[PDB]
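What follows are structure tokens for two forms of the same protein chain, given separately as structure 1 and structure 2.
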Structure 1
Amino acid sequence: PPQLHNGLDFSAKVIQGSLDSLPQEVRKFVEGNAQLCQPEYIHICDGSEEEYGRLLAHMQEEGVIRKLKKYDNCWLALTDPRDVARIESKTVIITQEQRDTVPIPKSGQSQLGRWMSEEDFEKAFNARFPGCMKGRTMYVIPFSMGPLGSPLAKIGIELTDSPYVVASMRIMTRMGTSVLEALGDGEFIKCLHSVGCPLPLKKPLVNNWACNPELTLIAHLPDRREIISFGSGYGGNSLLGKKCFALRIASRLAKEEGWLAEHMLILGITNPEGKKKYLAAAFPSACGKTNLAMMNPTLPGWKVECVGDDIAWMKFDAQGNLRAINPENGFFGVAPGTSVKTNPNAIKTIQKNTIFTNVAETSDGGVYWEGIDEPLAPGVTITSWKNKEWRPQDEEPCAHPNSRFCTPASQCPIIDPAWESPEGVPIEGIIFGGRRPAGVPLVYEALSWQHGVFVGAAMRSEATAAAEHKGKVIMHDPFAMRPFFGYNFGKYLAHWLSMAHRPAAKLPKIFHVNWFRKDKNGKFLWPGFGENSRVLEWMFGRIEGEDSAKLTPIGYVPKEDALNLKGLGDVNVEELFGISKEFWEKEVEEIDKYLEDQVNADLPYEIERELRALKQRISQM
């Protein structure tokens, strides 16, 4: 025990587990950060049910969460209204050179990520972390992204002072002692989180929800294999395995190592004949992945099974199959809109062992939100997400627009049998899409891999409530990755294009969808949800080589009568499927200006070529 005093030994403060049990480098990480942050206690998480019960009890007793008595082991957290979603403007990546992280925009102000210099980050770090956990417990969370012990899994350690983060990580990752045993003396991603409210409190606590909005900063240091997040408890900012690791850090590793880390669901779809295919889909935040990934198809005999709803790690095997795995262990899903009619499999999943954040509570201990589509007995009352009595005729919603459920994937009734298979599932189609109220038809198919990459690059979508963006501003969200690129977007495009030069590659067919086109009065032209199975059927047939497509300037679309619209006789097909020369001339000009300004010297030639080819096809209309 080599030391002149007690070294950096924090053993006296350990209230679960043992520092002696930890791999050497894990111990160093814990003790170095204990020295810095000065927690009152250290809790080494074991991931056991016993621990989870006591953690929930502790939070309940502290008033941080409430038990929802109507359900089996479900809980409700209500946050400070300042800490409710991601904050892109406070999310940064540190590298030696800015251009490695983001292209330099011609006009000023990049929209493909925020870079911070090493020097500026050190100052930011020193202004936040020293002493930040005083009076609190530092929890040590050993977690695996991907199935335990898989050669493709990646392990992290997250230190946090938030028991809400511990509970949510238990759901969203594989966590506990088994992860430490699989880790051994291997490398792990170093993840440090604090709510940034050391005791005694310097500022008023709102709704018993510790946070520091003024100093909120979600930082990524890929060259140090570190993620450092301060001031926010909201899951996208605090669950460091999810967006921070499994997209931002992992996307750059993937570029270096020949794979892909993407904001994509993975689903398996089986037709009435029993033939099954796996598909991946990238839609922006709050644009429909969870609803698609566990859809109940309206077409009789069709079945969808869920591999993952949010993040995909994909790599070509030796046979050329693009194999995908879900690195998550749960769903962190948008609550509003979820009903028996729109997402019955989510309703089944969230009946037990689920943590809800910022939803409303009924007087009989249930959950409520806009679009839940379940009448309450007369006399039953509602407490809004703001902890105030609420009525249906009220101006503001009962649930926050970005309220979430956090639920075990193992509870999904149609979880796919291969959802934890270490080798992944073979992807036969990749689907892009987002919210476009005008101009973009229900579905089209890219003409080639290069055209498909351009389609991903050109994605635009109405702003949602998943981050700080207000109104329904149509924003660029290439590959649904705008908030999540771990490195220069132009390099990411080159990396995707390079997949076509892999010998033997079985390149997935690429499609683009729009569930959200609206008529003149602002009403949806397409009902969506389970009806989207009709679009998946067409995709399935196209992968099988069916002659069910008509060429248009934007790509292939369904032939007349090719889509099954039985039961949707009132859909206005000409409006929904319409392609206007005027709209598309404007669209290509907008994309050209965006790529030139935002990507410029980093833009691959093949992307510029696809833009010109699209413009040329439009000119022949």
Structure 2
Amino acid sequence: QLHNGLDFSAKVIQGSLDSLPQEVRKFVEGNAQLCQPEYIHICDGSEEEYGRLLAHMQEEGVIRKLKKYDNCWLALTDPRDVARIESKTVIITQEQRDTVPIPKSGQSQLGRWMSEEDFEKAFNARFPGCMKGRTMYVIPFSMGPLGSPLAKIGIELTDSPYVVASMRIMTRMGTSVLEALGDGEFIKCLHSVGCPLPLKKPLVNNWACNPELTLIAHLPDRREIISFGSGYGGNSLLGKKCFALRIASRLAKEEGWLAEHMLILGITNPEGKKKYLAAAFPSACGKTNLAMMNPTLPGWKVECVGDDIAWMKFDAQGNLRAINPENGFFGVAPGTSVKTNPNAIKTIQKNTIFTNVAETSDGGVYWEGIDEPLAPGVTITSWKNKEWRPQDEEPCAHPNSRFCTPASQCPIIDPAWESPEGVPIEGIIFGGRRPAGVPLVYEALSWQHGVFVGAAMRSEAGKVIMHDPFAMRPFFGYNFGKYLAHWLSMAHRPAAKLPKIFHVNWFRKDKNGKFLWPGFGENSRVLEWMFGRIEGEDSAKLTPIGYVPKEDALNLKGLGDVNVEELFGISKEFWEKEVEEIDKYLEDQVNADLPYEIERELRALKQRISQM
């Protein structure tokens, strides 16, 4: 300095710039210089920091306390800022093809590329001066157990206390992360709500955001995530999707591991034998429900490692070892009930931040598909801060409304959920919502067929069925064809014990629109079958799509008369159509980057169907 504008020491309200590692200081100070915050708060992760921040947010009307529960809070957002916006989510690389495959006829659905020069322009129109009159919070956070060889540290700078509070729950954050980090590498995460003081635009519902300029950007070659304009979930808690899926799946490709949109659960049978399973489902398909399921089969136990992301790597012995990189659950609120997910009900009544759900007059929470009558007198305020009755046509909670809750509070949290070595995965499950044609469960014929099954995933979102390969469609950090190649290469890794791959459909319907399968806790019966198959049991029958359970192989005792023939029906005409549209989709969307072995699997499936 020959003046006094570069050293931001005088503005530090917690911590010290001097005590930070060199590269962390440069990241903080360089962005302070750019964003011009009034204050810099280096988060310590302490309980005192957290409670004081919440009370301050309560002071400014940004959140309100839910008096019915133990330390629970409600945030109601600006209606314009209620979800991840895929259309404003981008990945910057030198070459487009490294990010997305170049489609044959249409526009790509597998990602969104932005040139570095387009990004630099975008960035310049947004970030300079954007934290003016605000505190820049510095969040050191670990994705994964501190000291896990599979864990990765990031630093998030944000002008949102809502993000700070939500990040303390969803990641491991604070001073211990900075001590652990040392001079090591970290992912750089910069976020601003995009509303510098003095405000130029109306503040709606005490929720700062800038919908017109919203942009969620990833720069894997710079190890940067840069996010502007939204304070909501996937756009602002940068550890979760931006880091744990997009950035991380690229690192994974580089380093020979996997970053996947998968729940992890442990399942123990009546003889004390335990297996870990990963599953990738798209939206409205019940990941959290399965990860925390209350099994109906006596003697069986299900325990939760994670409900959204898995980082997985083969060890020296060939075991596929997985960690949950998250520290909490960011679950969809509506449809969560004692019936659908009793273990989540148990988790969320303490130390939980709720967003965009309804509030009852006694200070409780309410949402569509909650299966709880309210006492006479008890009234509801909707997520829009309006008086509400179940006689209205509008939902009382936004469909994408959330709970944000500590993982440690899950009554069935797995005792190895934070083990640094990770848990050994023995099965991988894919699934979606398919009202027709797709059996309750089938098993892939080989690794390559299993990778194909993942690639071909489709789910009901008039109703529309869309592709969501590996449940990773909004999350690929790089070219999807190369992603398939990466999966396929695992078969050629020496010593690798390749997990069995299954596909499930909890959602098949008859001719009248009625679900053919009871689901929920009863899905433990499907899991029992998978457990036996992993153990080599002779419980399968070969079909053109894979192995299905033999007659009588599935434990249906205590269920009524389940229509097994319709549940497991495989029609030639349905599957002819299925294979044709998968072929057209993969050709168009993956094109020149479709690996040979996926083309082969597709040909093979076509051939098997043609013979029935």
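Rigid core: the largest C-alpha set superposing within 1.5 Å between the two forms. Residue positions are counted from 1 along structure 1's sequence.
Comparing the two forms between structures 1 and 2 on the rigid core, the single residue of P417, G522, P375, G186 with a CA shift of 2 Å or greater is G522. Core superposition gives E31 a CA displacement of 0.6 Å between structures 1 and 2.
We note a C-alpha movement of 3.4 Å at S285 between structures 1 and 2, with the rigid core held in register.
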